[PDB]
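Single chain ahead, by itself, as structure tokens, in the form deposited in one PDB entry.
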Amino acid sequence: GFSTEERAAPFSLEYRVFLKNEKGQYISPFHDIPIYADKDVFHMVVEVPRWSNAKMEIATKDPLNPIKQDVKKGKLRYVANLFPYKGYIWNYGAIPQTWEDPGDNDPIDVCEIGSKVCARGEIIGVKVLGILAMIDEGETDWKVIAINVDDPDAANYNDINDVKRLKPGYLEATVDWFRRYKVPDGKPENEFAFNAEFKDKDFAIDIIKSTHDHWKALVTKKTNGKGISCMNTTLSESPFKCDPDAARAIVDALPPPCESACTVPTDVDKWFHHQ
């Protein structure tokens, strides 16, 4: 289906993860992966495997939008181990061809709850089960809740109550994870500082389709891109389309693959307890 081309060493500053289609052509995971994998099955770009810490996401401003590691004041970012969790507690990522339009300014986020740990840059199909709406100091932050359609138990999951039923504690832990991530203190002062509520599958799909329409406007130049890189190699109706062979130079000009990988700071091991 899709595959990955990794440039430079993982957890280095130059590390990039580009996506390739069935034919070895470089494509943007933002723009060139269809939102739908099949009827009622959404594509998901996996950005971080469950239980990892590196904060890696689609580069919304880089040509071909490769996955790369976030950087804060010159240092590569890792999420904290929030006791009792190890790193991210879901496969975490995004639905391609969507754009929370400002809004967070990138593809709509997905928490994927299935049993398989997915790889960085892996493209999976997911069944949308619901959506977590969070108020973070007034702003709206959406997290789709989904499960790998290839999960052995996928047939048992069709709405958010199924998550409550067959994975007790998962939704609570999700809210807790995001609350302690956003308010490192622990508890916010009121529902403006942090609020959380889950909505069902139909609501989630309405939100997703809305962000897909916003993306449609983005890649057809009907809305200010606000710095988003819209270069793509497959969208026939997009003025930002570029010849695939021309786009290969974007990858080939970067350091070659090196899978003798940089070691992760020991500080990432530390576990932070809520007091």
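Only residues modelled in both forms are compared. Definition used throughout: the rigid core is the maximal C-alpha set that superposes within 1.5 Å between two forms. Counting begins at 1, following the sequence as shown.
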message = Does the chain run continuously from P102 to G103, or are deposited residues unmodelled in between? Answer none, 1 to 3, 4 to 9, or 10 or more.
response = 10 or more
task = Quick one: say whether 261-269 or 248-256 has the higher mean Cα B-factor in the deposited entry.
result = 261-269
ask   = Taking the recorded C-alpha temperature factors, which stretch has the higher mean, 178-186 or 150-158?
value = 178-186
Candidate set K86, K73, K116, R77 [ranked by C-alpha B-factor, highest] = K73
key: From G93, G138, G130, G121, residue of greatest CA B-factor   = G138
note = Quick tally, chain-level thirds of C-alpha B-factors: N81 sits in the middle
request  = Ordered by C-alpha B-factor within the chain, which third holds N232? Give me lowest, middle or highest, please.
outcome  = lowest
B-factor third for the C-alpha atom of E191 within its chain = highest
key: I33 - Cα temperature factor, lowest/middle/highest third of chain   = lowest
ask   = Among the modelled residues of its chain, does the C-alpha B-factor of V219 lie in the lowest, middle or highest third?
value = middle
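There is also a form deposited in another entry; it is not shown, and the following applies to it.
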note = Only one of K75, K187, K116, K164 shifts its Cα by 2 Å or more between this form and the one not shown once the rigid core is superposed, namely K187
query = Aligning on the rigid core, do we see the C-alpha of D150 shift 2 angstroms or more between this form and the one not shown?
reply = no
query = Any CA movement of 2 Å or more for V175 between this form and the one not shown, core superposed?
reply = no
task = Answer yes if the Cα of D202 shifts by 2 angstroms or more between this form and the one not shown on a rigid-core superposition, and no otherwise.
result = no
message = Relative to what's shown here, the Cα pair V183 and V264 differs by 3 Å or more in that other deposited form. Does it come closer or drift farther?
response = closer
request  = Over in the other structure, so in that other deposited form, do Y85 and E189 pull closer or drift farther apart at the C-alpha level? The difference is 3 angstroms or more.
outcome  = closer
ask   = Mind listing the moving segments between this form and the one not shown, meaning three or more residues in a row, each Cα shifted 2 angstroms or more, core aligned?
value = 134-140, 182-195
